[PDB]
Each structure stands twice: as structure tokens, then as C-alpha cells.
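Let me begin by presenting the structure, written as C-alpha cells, before commenting on it.
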Amino acid sequence: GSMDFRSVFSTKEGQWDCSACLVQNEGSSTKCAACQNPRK
Amino acid sequence: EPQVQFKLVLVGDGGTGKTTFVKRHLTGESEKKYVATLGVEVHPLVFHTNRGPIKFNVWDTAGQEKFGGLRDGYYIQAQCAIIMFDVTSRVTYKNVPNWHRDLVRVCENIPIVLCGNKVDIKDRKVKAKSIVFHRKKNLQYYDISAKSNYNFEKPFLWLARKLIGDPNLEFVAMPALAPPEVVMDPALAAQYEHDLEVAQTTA
Ligand SMILES: Nc1nc2c(ncn2[C@@H]2O[C@H](COP(=O)(O)OP(=O)(O)O)[C@@H](O)[C@H]2O)c(=O)[nH]1
Ligand SMILES: [Mg+2]
Ligand SMILES: [Zn+2]
């Protein structure tokens with residue numbers, strides 16, 4: 001009931017989603033660890 | 001705002017039906033992304049669970065698997081995998097350990113589902129007794145037919161349960177799937193389901 005993702009799920013602080021391949025990357029990375037696309 | 005999502009790598013020999021399979025999910029096909037640096041199509045597949053939506057971002061090759069291993073970037077940050085073979089081609093089943101080795105080498109103990117595709121075809125060569133005889137611990141197996149949507153949701157539900165750590169997780173509705181191109185014969189499905197159950201329980 002209260003285990004719904006909207007209530008309990010959150011992403012790491014500063015995390016960014018690669019616009020090219022959707023991999024989730026560290027705030028400290030300038031480029032995607034998988035496909036090398038640069039952070040926006 | 002944030003949405004639960006996982007990178008899923010779909011691997012297995014060329015011609016086993018990987019691309020046909022991922023494409024059954026209609027919205028994943030219309031929203032797919034082409035990754036030029038790696039020659040990959042990433043299909044964002046949403047499934048609606050009793051706890052909300054989850055997205056499997058499925059990595060489908062552009063055929064390079066025919067010419068040796070895939071590059072590391074294909075595997076990097078994978079959170080789960082499907083290994084596919086073709087139940088009409090014993091060679092594709094014999095290569096399963098090789099894909100499994102490559103996966104663990106880069107991704108260690110991520111959850112993996114093994115899928116035997118094309119079970120709609122009557123002249124089946126890799127049968128349940130052989131698949132169960134070679135069953136690997138933690139390597140969950142399903143019969144699938146991409147072309148008929150047969151068992152489409154099962155690999156994803158099993159992985160979701162493992163990733164979330166919730167054995168009671170359910171899909172509340174099926175995704176919108178491309179209409180079946182071939183009929184999965186009901187008598188054949190019932191036989192294969194029986195053969196699997198027998199192999200899994202027989203002493
Ligand atoms: N009868 C049957 N044919 C399939 C199925 N899935 C794929 N095929 C065919 O197998 C061939 C290779 O399919 P493809 O998706 O390109 O395989 P991939 O190389 O692993 O991506 C194609 O002719 C498909 O039409 C299935 O479930 N049943
Ligand atoms: Mg393909
Ligand atoms: Zn990327």
C-alpha cells in the first residue's frame with residue numbers, strides 16, 4: 001500500500017540519465033560510462 | 001518525478017529472435033533510441049506493477065554478435081539480462097554457456113533469464129528434458145515464441161521480482177503488444193508446458 005514506488009523510490013543525488021542510451025550515471029562523471037555521450 | 005528503470009541486455013547467437021522479441025512491445029519500439037557509438041537500439045519497455053510502473057531499457061544489438069564478443073560498453077551498467085537461444089537450433093543452445101560467461105565476466109551476479117525462442121515451430125530440437133538436465137542454478141528458464149507473444153511477460157516479471165526484492169510483485173495489465181504473426185498452437189503449448197513441469201519435478 002505504502003510500498004508504492006512514488007512514495008519509497010528516489011534516485012541518487014546528482015544522478016543524471018544519459019540522453020543517448022538511458023544509462024544512469026554518477027554526478028561526478030562528465031560522460032556516459034556505457035556509450036561515452038557527454039552529460040548535458 | 002523519478003521512475004524505476006533497469007538496463008537489461010539481450011544476448012544470444014545471431015538469428016535466435018532477439019530483435020523480433022524486443023519489438024513486440026509497441027511503445028518500446030516507438031520510443032527506442034539508437035546509440036551510434038555502440039550500434040545498439042535501446043527499447044524502453046514499461047510494465048505496470050501493483051506498486052507502480054517499472055521500465056526495462058532493453059539493449060538490442062545491430063547484429064554484431066555474429067563476429068565475436070560484444071564490446072564492453074554494451075554490458076557496462078547492465079542490471080539484468082536475457083540469454084536467448086532458438087529451440088530449433090542446437091548450436092544456439094550449445095553457445096549459451098559462452099554468453100553466460102561473457103555476462104558474468106563484466107557484470108558478475110546480475111539476475112539472468114534463459115529463453116528458448118521459436119517454440120511455435122513443431123519440429124523442435126532442444127526439448128525440456130535437455131534444458132532441465134543442463135539447468136544452471138539461479139538461471140531461470142522460459143519457453144517463448146516472440147512471433148506469437150507466447151510467454152512474453154514471464155522473463156520480465158521474474159527479473160522485476162529479483163531486482164526489486166519482492167516475490168509478490170505482479171503486473172496489473174499486459175503491455176500493448178504487436179498482434180501475433182503466427183498462431184501458437186494450443187495443443188503444442190499445453191504439451192510443452194507439461195513436458196517442462198515433468199522435467200522440473202520428476203525424480
Ligand atoms: N517461427 C518463429 N520465427 C521467429 C521467432 N522469432 C524470430 N523468428 C525469426 O527468426 C529470424 C531471426 O529473427 P531476429 O529477430 O532478427 O533474430 P536476432 O538475430 O537474434 O535479432 C527471423 O526470420 C525471425 O522472423 C519466433 O518466435 N517464431
Ligand atoms: Mg537482432
Ligand atoms: Zn549513454
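Atom set for the values below is all heavy atoms of this structure, side chains included, hydrogens, waters and symmetry mates excluded. To find a chain, count down the sequence lines: A is the first, B the second, and so on, and within it residues start at 1. Order of listing sets the numbers, starting from 1, for every ligand and every atom in it.
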B:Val182 heavy atom under 4.0 Å from ligand 1: no
Test item: A:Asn37 and A:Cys21 side chains (from C-beta on) under 4.5 Å apart, heavy atoms: no
Polar side-chain atom of B:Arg51 near backbone of B:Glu170 as donor-acceptor pair, under 3.5 Å: no
Numbered atoms and elements of ligand 1 in range of B:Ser145, under 4.0 angstrom, heavy atoms: 27 (O)
Derivation of the side chain to side chain contact (heavy atoms under 4.5 Å, CB included) call for B:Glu1 and A:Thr11: CA-CA 10 Å; B:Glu1 168 55 14; A:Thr11 50; over 6 Å; no
Element-labelled atoms of ligand 1 that are located less than 4.0 Å from some non-hydrogen atom of B:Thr19: 15 (O), 21 (O)
Any protein heavy atom nearer than 4.0 Å to atom 23 (O) of ligand 1: no
Closer than 4.0 Å: a protein non-hydrogen atom to atom 4 (C) of ligand 1: yes
B:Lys7 NZ/CZ over B:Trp59 ring centroid, <6.0 Å and within 45° of normal: yes
Heteroatom test (N, O or S) for B:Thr20 near the Mg ion (ligand 2), limit 2.8 Å: no
Steps toward salt bridge (charged side-chain N to carboxylate O under 4.0 Å, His left out) verdict (B:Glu153, B:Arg24): CA-CA 11 Å; B:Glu153 84 290 356; B:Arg24 308 309 298 176; over 6 Å; no
Distance-only N or O hit between ligand 1 and B:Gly15, under 3.5 Å: yes
Parallel, tilted or perpendicular, as decided by the 30° and 60° cut-offs, for the rings of B:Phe152 and B:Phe21: tilted
Worked check of side chain to side chain contact (heavy atoms under 4.5 Å, CB included) between B:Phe6 and B:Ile164: CA-CA 10 Å; B:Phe6 307 102; B:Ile164 300 300; 3.6 Å; yes
Where ligand 1 meets B:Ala146 - atom numbers and elements under 4.0 angstrom, heavy-atom basis: 6 (N), 27 (O)
Any B:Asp60 heavy atom less than 4.0 Å from ligand 1: no
Under 4.0 Å to a heavy atom of B:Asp13 - the qualifying atoms of ligand 1, by number: 20 (O)
At the Zn ion (ligand 3): angle between A:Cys18 atom SG and A:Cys35 atom SG, to 10 degrees: 100°
Where ligand 1 meets B:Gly14 - atom numbers and elements under 4.0 angstrom, heavy-atom basis: 19 (O)
Close-contact set for ligand 1 against B:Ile121 heavy atoms, below 4.0 Å: 1 (N)
